[PDB]
>>> print(open('data_3.cif').read())   # mmCIF, C-alpha atoms and all ligand atoms
data_work
#
loop_
_atom_site.label_atom_id
_atom_site.label_comp_id
_atom_site.auth_asym_id
_atom_site.auth_seq_id
_atom_site.Cartn_x
_atom_site.Cartn_y
_atom_site.Cartn_z
CA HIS A 1 22.44 9.04 19.66
CA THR A 2 22.17 8.04 15.99
CA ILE A 3 21.12 9.34 12.56
CA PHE A 4 19.35 7.65 9.65
CA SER A 5 21.73 9.30 7.25
CA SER A 6 21.38 7.36 3.96
CA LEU A 7 19.00 4.95 2.28
CA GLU A 8 19.85 1.81 0.30
CA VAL A 9 17.53 0.68 -2.51
CA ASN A 10 18.03 -2.36 -4.75
CA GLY A 11 21.51 -2.80 -3.33
CA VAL A 12 22.60 0.82 -3.98
CA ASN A 13 23.22 3.42 -1.30
CA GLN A 14 21.71 6.70 -2.47
CA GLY A 15 24.39 8.82 -0.79
CA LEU A 16 25.04 10.49 2.56
CA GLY A 17 22.23 12.94 3.16
CA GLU A 18 21.02 12.47 -0.42
CA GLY A 19 17.28 12.05 -0.40
CA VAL A 20 17.34 11.82 3.40
CA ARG A 21 16.87 15.09 5.31
CA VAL A 22 19.64 14.79 7.91
CA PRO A 23 20.52 16.71 11.03
CA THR A 24 24.18 17.13 11.83
CA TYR A 25 23.41 16.65 15.53
CA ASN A 26 22.52 13.10 16.55
CA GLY A 27 20.50 13.96 19.67
CA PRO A 28 16.94 12.80 20.13
CA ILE A 29 13.63 14.52 19.98
CA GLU A 30 11.98 14.27 23.41
CA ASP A 31 8.62 16.04 23.14
CA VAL A 32 6.10 13.95 21.20
CA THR A 33 3.89 17.06 20.80
CA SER A 34 6.57 19.02 19.00
CA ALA A 35 6.46 19.57 15.25
CA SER A 36 9.97 18.10 15.33
CA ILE A 37 8.57 14.60 16.02
CA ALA A 38 7.55 14.28 12.35
CA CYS A 39 10.85 14.63 10.47
CA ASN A 40 13.17 15.84 13.24
CA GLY A 41 13.82 19.55 13.74
CA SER A 42 14.43 22.17 16.41
CA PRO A 43 16.43 22.26 18.62
CA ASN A 44 18.34 20.23 15.98
CA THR A 45 18.83 21.62 12.49
CA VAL A 46 17.83 19.52 9.48
CA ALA A 47 19.31 19.89 6.02
CA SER A 48 17.30 19.85 2.84
CA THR A 49 18.05 17.69 -0.19
CA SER A 50 16.86 17.88 -3.81
CA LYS A 51 17.20 14.15 -4.41
CA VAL A 52 13.99 12.12 -4.60
CA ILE A 53 14.80 8.40 -4.42
CA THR A 54 13.00 5.98 -6.72
CA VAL A 55 11.76 2.68 -5.33
CA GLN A 56 9.62 -0.02 -6.89
CA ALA A 57 6.49 -0.74 -4.81
CA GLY A 58 6.55 -4.11 -3.07
CA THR A 59 10.35 -4.03 -2.59
CA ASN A 60 12.38 -2.87 0.41
CA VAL A 61 14.29 0.23 1.27
CA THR A 62 17.00 -0.11 3.92
CA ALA A 63 17.62 2.81 6.25
CA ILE A 64 21.29 2.97 7.17
CA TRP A 65 21.75 4.22 10.75
CA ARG A 66 25.04 5.72 11.88
CA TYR A 67 26.30 7.38 15.04
CA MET A 68 27.22 10.67 13.33
CA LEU A 69 27.34 12.05 9.79
CA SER A 70 31.15 11.64 9.94
CA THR A 71 30.99 7.98 10.94
CA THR A 72 32.58 5.76 8.35
CA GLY A 73 32.43 2.29 10.01
CA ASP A 74 29.52 -0.10 10.62
CA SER A 75 30.40 -1.76 13.95
CA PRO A 76 27.93 -1.45 16.86
CA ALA A 77 29.54 1.73 18.23
CA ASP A 78 29.31 3.21 14.71
CA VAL A 79 25.52 2.80 14.82
CA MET A 80 24.21 3.55 18.32
CA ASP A 81 25.21 2.80 21.90
CA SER A 82 24.00 -0.61 23.02
CA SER A 83 22.26 0.93 26.07
CA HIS A 84 19.67 2.32 23.62
CA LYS A 85 17.20 -0.55 23.62
CA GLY A 86 13.83 -0.05 21.99
CA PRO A 87 11.77 -0.46 18.82
CA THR A 88 12.45 0.36 15.20
CA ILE A 89 9.52 1.76 13.21
CA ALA A 90 8.81 3.17 9.76
CA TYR A 91 5.98 5.18 8.20
CA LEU A 92 4.99 6.61 4.82
CA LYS A 93 3.11 9.82 3.97
CA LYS A 94 1.72 10.52 0.50
CA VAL A 95 2.68 14.06 -0.51
CA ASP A 96 2.50 16.34 -3.54
CA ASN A 97 6.25 17.03 -3.62
CA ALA A 98 8.65 14.92 -1.56
CA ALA A 99 11.26 17.70 -1.45
CA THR A 100 8.99 20.35 0.06
CA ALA A 101 6.39 18.62 2.22
CA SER A 102 7.28 19.27 5.88
CA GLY A 103 5.81 15.99 7.10
CA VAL A 104 3.91 17.76 9.91
CA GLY A 105 0.28 16.75 10.24
CA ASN A 106 -1.98 13.95 9.08
CA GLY A 107 -1.27 11.37 6.38
CA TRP A 108 1.19 8.95 8.01
CA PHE A 109 0.71 5.21 7.97
CA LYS A 110 2.95 2.65 9.61
CA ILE A 111 4.68 0.14 7.32
CA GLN A 112 7.20 -1.57 9.63
CA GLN A 113 7.91 -2.10 13.31
CA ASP A 114 10.20 -4.29 15.41
CA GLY A 115 9.71 -4.07 19.17
CA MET A 116 10.83 -6.96 21.38
CA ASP A 117 10.95 -10.59 20.24
CA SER A 118 10.35 -13.79 22.20
CA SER A 119 14.07 -13.99 23.09
CA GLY A 120 13.98 -10.55 24.75
CA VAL A 121 16.00 -8.84 22.01
CA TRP A 122 14.90 -5.40 20.80
CA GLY A 123 14.56 -4.02 17.31
CA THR A 124 17.31 -1.45 17.92
CA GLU A 125 19.69 -4.25 18.87
CA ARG A 126 19.17 -5.93 15.49
CA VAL A 127 20.06 -2.64 13.80
CA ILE A 128 23.05 -1.95 16.10
CA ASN A 129 24.48 -5.43 15.49
CA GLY A 130 23.40 -5.57 11.85
CA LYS A 131 25.62 -2.83 10.38
CA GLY A 132 22.92 -0.20 11.00
CA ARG A 133 20.59 -1.82 8.46
CA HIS A 134 16.86 -1.23 9.02
CA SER A 135 14.98 -2.98 6.20
CA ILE A 136 11.49 -1.74 5.39
CA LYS A 137 8.95 -3.10 2.87
CA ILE A 138 7.23 -0.54 0.66
CA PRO A 139 3.70 -1.96 0.17
CA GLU A 140 2.78 -3.13 -3.32
CA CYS A 141 -0.83 -1.98 -3.05
CA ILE A 142 -0.42 1.73 -2.30
CA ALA A 143 -0.76 4.53 -4.83
CA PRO A 144 2.38 5.43 -6.80
CA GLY A 145 4.14 8.76 -6.59
CA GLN A 146 5.73 11.11 -4.08
CA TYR A 147 6.06 10.03 -0.44
CA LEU A 148 7.96 10.81 2.71
CA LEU A 149 9.46 7.84 4.55
CA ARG A 150 9.87 8.41 8.30
CA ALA A 151 12.24 5.85 9.83
CA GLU A 152 12.63 5.82 13.59
CA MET A 153 14.47 4.23 16.47
CA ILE A 154 13.18 4.88 20.00
CA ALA A 155 15.65 4.42 22.83
CA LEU A 156 13.96 3.44 26.08
CA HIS A 157 16.85 3.11 28.53
CA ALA A 158 15.89 6.45 30.17
CA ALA A 159 12.12 6.17 29.59
CA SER A 160 10.95 5.12 33.06
CA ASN A 161 9.37 8.58 33.26
CA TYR A 162 8.18 10.96 30.51
CA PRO A 163 10.04 12.98 29.35
CA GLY A 164 12.58 10.25 28.96
CA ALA A 165 12.02 8.23 25.78
CA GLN A 166 14.42 9.30 23.05
CA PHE A 167 13.02 9.53 19.51
CA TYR A 168 15.52 9.38 16.63
CA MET A 169 13.92 9.89 13.20
CA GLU A 170 14.64 11.18 9.74
CA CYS A 171 12.55 11.55 6.61
CA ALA A 172 13.54 10.28 3.21
CA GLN A 173 12.06 11.55 -0.06
CA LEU A 174 10.62 8.82 -2.28
CA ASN A 175 9.17 8.35 -5.74
CA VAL A 176 7.25 5.05 -5.48
CA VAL A 177 6.95 3.41 -8.90
CA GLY A 178 4.49 0.64 -9.69
CA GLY A 179 2.11 0.90 -6.74
CA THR A 180 -1.31 -0.46 -7.70
CA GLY A 181 -3.32 1.93 -5.55
CA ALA A 182 -5.64 -0.94 -4.66
CA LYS A 183 -5.74 0.12 -1.01
CA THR A 184 -5.75 3.52 0.72
CA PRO A 185 -4.31 3.36 4.25
CA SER A 186 -5.91 4.90 7.28
CA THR A 187 -3.62 7.63 8.58
CA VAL A 188 -2.34 9.33 11.72
CA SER A 189 -0.65 12.64 12.48
CA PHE A 190 2.80 13.59 13.67
CA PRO A 191 2.60 15.17 16.14
CA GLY A 192 -0.44 13.33 17.43
CA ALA A 193 0.14 9.62 17.07
CA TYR A 194 2.29 9.31 20.21
CA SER A 195 1.58 10.51 23.73
CA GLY A 196 3.78 10.63 26.83
CA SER A 197 1.44 8.18 28.58
CA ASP A 198 1.66 5.45 25.95
CA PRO A 199 2.76 2.08 27.41
CA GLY A 200 5.68 1.90 24.99
CA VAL A 201 6.78 5.51 25.69
CA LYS A 202 6.66 5.74 29.51
CA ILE A 203 8.16 2.39 30.49
CA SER A 204 10.79 0.91 32.76
CA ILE A 205 12.72 -1.67 30.75
CA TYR A 206 14.36 -2.72 34.06
CA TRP A 207 11.73 -3.17 36.77
CA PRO A 208 10.45 -5.73 36.10
CA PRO A 209 12.46 -7.06 33.18
CA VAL A 210 10.36 -6.52 30.10
CA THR A 211 8.90 -9.58 28.36
CA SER A 212 6.42 -8.03 25.91
CA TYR A 213 6.31 -4.54 24.44
CA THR A 214 3.61 -2.37 22.80
CA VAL A 215 5.11 -0.29 19.98
CA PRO A 216 3.51 3.19 19.96
CA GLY A 217 1.41 4.38 17.05
CA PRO A 218 -1.16 2.69 14.81
CA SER A 219 -1.17 -0.88 13.61
CA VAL A 220 1.05 -1.74 10.64
CA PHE A 221 -0.71 -1.19 7.32
CA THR A 222 -1.05 -4.43 5.31
CA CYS A 223 -2.16 -5.07 1.75
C1 LIG A 301 11.70 -6.07 4.03
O1 LIG A 301 11.20 -5.41 5.19
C2 LIG A 301 10.41 -6.26 6.04
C3 LIG A 301 9.91 -5.39 7.16
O2 LIG A 301 9.07 -4.36 6.63
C4 LIG A 301 11.22 -7.46 6.51
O3 LIG A 301 10.33 -8.37 7.15
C5 LIG A 301 10.76 -8.73 8.46
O4 LIG A 301 11.93 -9.49 8.36
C6 LIG A 301 12.44 -9.84 9.66
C7 LIG A 301 13.79 -10.47 9.43
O5 LIG A 301 13.68 -11.70 8.72
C8 LIG A 301 11.44 -10.75 10.36
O6 LIG A 301 11.91 -11.00 11.67
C9 LIG A 301 10.08 -10.09 10.43
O7 LIG A 301 9.11 -11.03 10.88
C10 LIG A 301 9.65 -9.57 9.06
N1 LIG A 301 8.42 -8.81 9.17
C11 LIG A 301 7.37 -8.98 8.36
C12 LIG A 301 6.19 -8.11 8.63
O8 LIG A 301 7.37 -9.82 7.45
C13 LIG A 301 11.87 -8.19 5.34
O9 LIG A 301 12.76 -9.20 5.80
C14 LIG A 301 12.62 -7.22 4.45
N2 LIG A 301 13.15 -7.91 3.28
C15 LIG A 301 14.41 -7.78 2.82
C16 LIG A 301 14.75 -8.58 1.60
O10 LIG A 301 15.23 -7.04 3.36
CU CU A 302 21.77 8.58 22.66
#
>>> encode(input="data_3.cif", output="C-alpha cells")
Amino acid sequence: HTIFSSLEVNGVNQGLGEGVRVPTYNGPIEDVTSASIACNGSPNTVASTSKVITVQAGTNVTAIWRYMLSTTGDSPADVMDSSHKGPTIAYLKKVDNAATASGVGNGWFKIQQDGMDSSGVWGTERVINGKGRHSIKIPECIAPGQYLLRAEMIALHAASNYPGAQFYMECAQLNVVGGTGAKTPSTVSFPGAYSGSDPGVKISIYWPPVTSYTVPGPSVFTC
C-alpha cells in the first residue's frame, strides 16, 4: 500500500498531487486487463490536476512514494511495508494534452526498471529504504512536448497465484523540453502489456528463493 504522490525535478518537489494524478486510497490495482492499470482508477478514485511539470530531456525526474497522502515522514513505514518486495518501473506516453489524456491504450514505452539485483535485493526495497525516491531518466532523444509518466511499484509477496500481484501506479503530467526527437520508441498498451501468466506477475518469491527476476512489460527504451 503506497502512492506516488509527488514528483521532484531538478531538486524541487512539484507539490503533493500537483502534476501527479493521485488517488486518496493507497490500495493496489489487481486486474491487469482493467483500464485502471494505466493510470490507476476504479475501484479507487483518482484526482485530476491542472499542473503540467516541466522537465529537461536527458535529466531525471524522481517519483516520491508515500504510504498515504497524509504521510509526512520518509522512513520505511512512511513509504511502503517491507513485505512488499518487487520491481519498480516507469513508462512515458506521448500525448496531445497531458492534463486530459486518460493514458488508456497504446503509446507507452518503458524508460526505467529495477527488479532484483545480484545481492537478492528488490527495486521496491531501494525505494522503501531510500526515502521513497524512485529516480527515472527522461531520454534525451525523444520528441519534446506533452507526456504522461507512469511510475509503478509491483508488490509480489502475495503473487504466488494470479490474482495476487499488487500494482501501484500513478501518472504524472509532463512537458518535456529539449528532446531531440532523434528516435521514436516502439510502444505498448495499458491494458495489454501485462498478463496474469507473465513470469514476473504470477510468481512465488518464497519457493524456491528467487535469484533472478523477469520484469513484466517491454524492454527499456534506449537512445
Ligand atoms: C536517473 O535514473 C536512472 C534510471 O532511469 C538511474 O540509473 C540507475 O541508477 C541506479 C543507481 O545508481 C543503478 O543501480 C542503475 O544501474 C542505473 N540504471 C541505468 C539504466 O543506468 C540514475 O542513477 C538516475 N540519476 C540520478 C542523478 O538520479
Ligand atoms: Cu499493500
>>> residues_around(input="data_3.cif", residues="region 195-201 of chain A", least_positions_apart="6", cutoff="6 Å", atoms="all atoms listed in the file", output="PyMOL selection string")
chain A and resi 162+165+214-216
>>> residues_around(input="data_3.cif", residues="region 17-31 of chain A", least_positions_apart="3", cutoff="9 Å", atoms="all atoms listed in the file", output="PyMOL selection string")
chain A and resi 1-7+14+34-37+39-53+67-69+99+149+154-155+162-174+195-196
>>> closest_residue(input="data_3.cif", among="A:87, A:76, A:123, A:130", to="residue 217 (chain A)", atoms="all atoms listed in the file")
A:87
>>> residues_near_ligand(input="data_3.cif", ligand="ligand LIG 301 (chain A)", cutoff="10 Å", atoms="only C-alpha atoms and all ligand atoms", output="PDB file with C-alpha atoms, in the coordinates of the input")
ATOM      1  CA  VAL A   9      17.530   0.680  -2.510  1.00  0.00           C
ATOM      2  CA  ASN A  10      18.030  -2.360  -4.750  1.00  0.00           C
ATOM      3  CA  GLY A  58       6.550  -4.110  -3.070  1.00  0.00           C
ATOM      4  CA  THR A  59      10.350  -4.030  -2.590  1.00  0.00           C
ATOM      5  CA  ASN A  60      12.380  -2.870   0.410  1.00  0.00           C
ATOM      6  CA  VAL A  61      14.290   0.230   1.270  1.00  0.00           C
ATOM      7  CA  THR A  62      17.000  -0.110   3.920  1.00  0.00           C
ATOM      8  CA  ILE A  89       9.520   1.760  13.210  1.00  0.00           C
ATOM      9  CA  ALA A  90       8.810   3.170   9.760  1.00  0.00           C
ATOM     10  CA  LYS A 110       2.950   2.650   9.610  1.00  0.00           C
ATOM     11  CA  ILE A 111       4.680   0.140   7.320  1.00  0.00           C
ATOM     12  CA  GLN A 112       7.200  -1.570   9.630  1.00  0.00           C
ATOM     13  CA  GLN A 113       7.910  -2.100  13.310  1.00  0.00           C
ATOM     14  CA  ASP A 114      10.200  -4.290  15.410  1.00  0.00           C
ATOM     15  CA  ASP A 117      10.950 -10.590  20.240  1.00  0.00           C
ATOM     16  CA  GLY A 123      14.560  -4.020  17.310  1.00  0.00           C
ATOM     17  CA  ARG A 126      19.170  -5.930  15.490  1.00  0.00           C
ATOM     18  CA  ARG A 133      20.590  -1.820   8.460  1.00  0.00           C
ATOM     19  CA  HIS A 134      16.860  -1.230   9.020  1.00  0.00           C
ATOM     20  CA  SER A 135      14.980  -2.980   6.200  1.00  0.00           C
ATOM     21  CA  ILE A 136      11.490  -1.740   5.390  1.00  0.00           C
ATOM     22  CA  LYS A 137       8.950  -3.100   2.870  1.00  0.00           C
ATOM     23  CA  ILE A 138       7.230  -0.540   0.660  1.00  0.00           C
ATOM     24  CA  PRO A 139       3.700  -1.960   0.170  1.00  0.00           C
ATOM     25  CA  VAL A 220       1.050  -1.740  10.640  1.00  0.00           C
ATOM     26  CA  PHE A 221      -0.710  -1.190   7.320  1.00  0.00           C
ATOM     27  CA  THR A 222      -1.050  -4.430   5.310  1.00  0.00           C
TER      28      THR A 222
END
>>> closest_residue(input="data_3.cif", among="A:75, A:186, A:82, A:102", to="ligand CU 302 (chain A)", atoms="all atoms listed in the file")
A:82
>>> decode(input="data_3.cif", residues="region 74-144 of chain A", atoms="C-alpha atoms", output="PDB file, in the first residue's frame")
ATOM      1  CA  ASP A  74      10.135   9.432   4.855  1.00  0.00           C
ATOM      2  CA  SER A  75      11.102   6.395   6.953  1.00  0.00           C
ATOM      3  CA  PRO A  76      10.434   2.900   5.539  1.00  0.00           C
ATOM      4  CA  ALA A  77       6.960   2.647   7.101  1.00  0.00           C
ATOM      5  CA  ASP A  78       6.167   6.054   5.567  1.00  0.00           C
ATOM      6  CA  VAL A  79       6.800   4.606   2.098  1.00  0.00           C
ATOM      7  CA  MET A  80       5.508   1.021   1.908  1.00  0.00           C
ATOM      8  CA  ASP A  81       5.537  -2.071   4.095  1.00  0.00           C
ATOM      9  CA  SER A  82       8.757  -4.038   3.734  1.00  0.00           C
ATOM     10  CA  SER A  83       6.808  -7.222   2.899  1.00  0.00           C
ATOM     11  CA  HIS A  84       6.054  -5.624  -0.495  1.00  0.00           C
ATOM     12  CA  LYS A  85       9.040  -6.889  -2.461  1.00  0.00           C
ATOM     13  CA  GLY A  86       9.065  -6.445  -6.207  1.00  0.00           C
ATOM     14  CA  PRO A  87      10.177  -4.255  -9.119  1.00  0.00           C
ATOM     15  CA  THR A  88       9.982  -0.541  -9.744  1.00  0.00           C
ATOM     16  CA  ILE A  89       9.166   0.524 -13.310  1.00  0.00           C
ATOM     17  CA  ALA A  90       8.451   3.694 -15.261  1.00  0.00           C
ATOM     18  CA  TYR A  91       6.950   4.481 -18.670  1.00  0.00           C
ATOM     19  CA  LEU A  92       6.225   7.506 -20.864  1.00  0.00           C
ATOM     20  CA  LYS A  93       3.350   8.129 -23.299  1.00  0.00           C
ATOM     21  CA  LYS A  94       3.384  10.990 -25.815  1.00  0.00           C
ATOM     22  CA  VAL A  95       0.029  12.782 -25.667  1.00  0.00           C
ATOM     23  CA  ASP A  96      -1.642  15.870 -27.102  1.00  0.00           C
ATOM     24  CA  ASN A  97      -2.553  17.316 -23.686  1.00  0.00           C
ATOM     25  CA  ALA A  98      -1.015  15.904 -20.516  1.00  0.00           C
ATOM     26  CA  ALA A  99      -3.935  17.103 -18.371  1.00  0.00           C
ATOM     27  CA  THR A 100      -6.654  15.324 -20.331  1.00  0.00           C
ATOM     28  CA  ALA A 101      -5.181  12.176 -21.870  1.00  0.00           C
ATOM     29  CA  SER A 102      -6.541   9.179 -19.925  1.00  0.00           C
ATOM     30  CA  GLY A 103      -3.445   7.054 -20.515  1.00  0.00           C
ATOM     31  CA  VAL A 104      -5.564   4.067 -21.600  1.00  0.00           C
ATOM     32  CA  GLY A 105      -4.397   2.374 -24.780  1.00  0.00           C
ATOM     33  CA  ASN A 106      -1.285   2.269 -26.935  1.00  0.00           C
ATOM     34  CA  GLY A 107       1.689   4.634 -26.824  1.00  0.00           C
ATOM     35  CA  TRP A 108       3.603   3.601 -23.687  1.00  0.00           C
ATOM     36  CA  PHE A 109       7.312   2.916 -23.697  1.00  0.00           C
ATOM     37  CA  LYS A 110       9.382   1.776 -20.746  1.00  0.00           C
ATOM     38  CA  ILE A 111      12.136   4.113 -19.554  1.00  0.00           C
ATOM     39  CA  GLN A 112      13.235   2.565 -16.234  1.00  0.00           C
ATOM     40  CA  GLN A 113      13.041  -0.689 -14.314  1.00  0.00           C
ATOM     41  CA  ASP A 114      14.657  -2.190 -11.216  1.00  0.00           C
ATOM     42  CA  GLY A 115      13.794  -5.820 -10.494  1.00  0.00           C
ATOM     43  CA  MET A 116      16.155  -7.919  -8.368  1.00  0.00           C
ATOM     44  CA  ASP A 117      19.913  -7.364  -8.178  1.00  0.00           C
ATOM     45  CA  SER A 118      22.735  -9.862  -7.719  1.00  0.00           C
ATOM     46  CA  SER A 119      22.526  -9.452  -3.922  1.00  0.00           C
ATOM     47  CA  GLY A 120      18.858 -10.519  -3.889  1.00  0.00           C
ATOM     48  CA  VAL A 121      17.540  -7.026  -3.086  1.00  0.00           C
ATOM     49  CA  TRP A 122      14.463  -5.773  -4.935  1.00  0.00           C
ATOM     50  CA  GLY A 123      13.756  -2.433  -6.547  1.00  0.00           C
ATOM     51  CA  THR A 124      10.945  -1.690  -4.085  1.00  0.00           C
ATOM     52  CA  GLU A 125      13.364  -2.186  -1.201  1.00  0.00           C
ATOM     53  CA  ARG A 126      15.663   0.535  -2.579  1.00  0.00           C
ATOM     54  CA  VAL A 127      12.683   2.897  -2.692  1.00  0.00           C
ATOM     55  CA  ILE A 128      11.393   1.873   0.772  1.00  0.00           C
ATOM     56  CA  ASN A 129      14.821   2.406   2.352  1.00  0.00           C
ATOM     57  CA  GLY A 130      15.688   5.402   0.179  1.00  0.00           C
ATOM     58  CA  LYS A 131      13.115   7.929   1.448  1.00  0.00           C
ATOM     59  CA  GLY A 132      10.600   6.828  -1.206  1.00  0.00           C
ATOM     60  CA  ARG A 133      12.809   8.156  -4.011  1.00  0.00           C
ATOM     61  CA  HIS A 134      12.372   6.462  -7.409  1.00  0.00           C
ATOM     62  CA  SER A 135      14.724   8.181  -9.871  1.00  0.00           C
ATOM     63  CA  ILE A 136      13.882   7.939 -13.561  1.00  0.00           C
ATOM     64  CA  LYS A 137      15.843   9.213 -16.590  1.00  0.00           C
ATOM     65  CA  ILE A 138      13.844  11.066 -19.229  1.00  0.00           C
ATOM     66  CA  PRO A 139      15.564  10.108 -22.527  1.00  0.00           C
ATOM     67  CA  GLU A 140      17.406  12.863 -24.374  1.00  0.00           C
ATOM     68  CA  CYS A 141      16.463  11.563 -27.813  1.00  0.00           C
ATOM     69  CA  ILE A 142      12.662  11.554 -27.639  1.00  0.00           C
ATOM     70  CA  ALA A 143      10.391  14.202 -29.125  1.00  0.00           C
ATOM     71  CA  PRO A 144       9.664  17.238 -26.921  1.00  0.00           C
TER      72      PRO A 144
END
